[PDB]
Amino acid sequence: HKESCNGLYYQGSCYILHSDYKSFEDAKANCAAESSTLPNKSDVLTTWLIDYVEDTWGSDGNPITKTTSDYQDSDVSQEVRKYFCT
């Protein structure tokens, strides 16, 4: 069930990247239309997958970054990012 994953395979979860840039809610809807979800930041913070999900949308609306958020993130809604669906 791993070669059937045309993306990033981790433990049984397949992450498909979408090169097109969408907003957070749009990305949420896009993943939902494929029966998937935005990657959880916790599940990838300490893995090798982080280098692929950098500056990509997370489930919490805030993007996925190496360091924890720099404590002054005001508005994430008005911007587009790439995303993965899993």
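Residue positions are given as counts along the sequence shown, with the first one as 1.
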#### Entry: Criterion, highest CA B-factor; candidates, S13, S23, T67, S19
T67
### Task
Taking the chain's C-alpha temperature factors as the reference, tell me which third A32 falls into: lowest, middle or highest.
lowest
### Query
Which third of the chain does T47 land in by C-alpha B-factor: lowest, middle or highest?
highest
## Note on the structure
The third of the chain into which the C-alpha temperature factor of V80 falls is the lowest
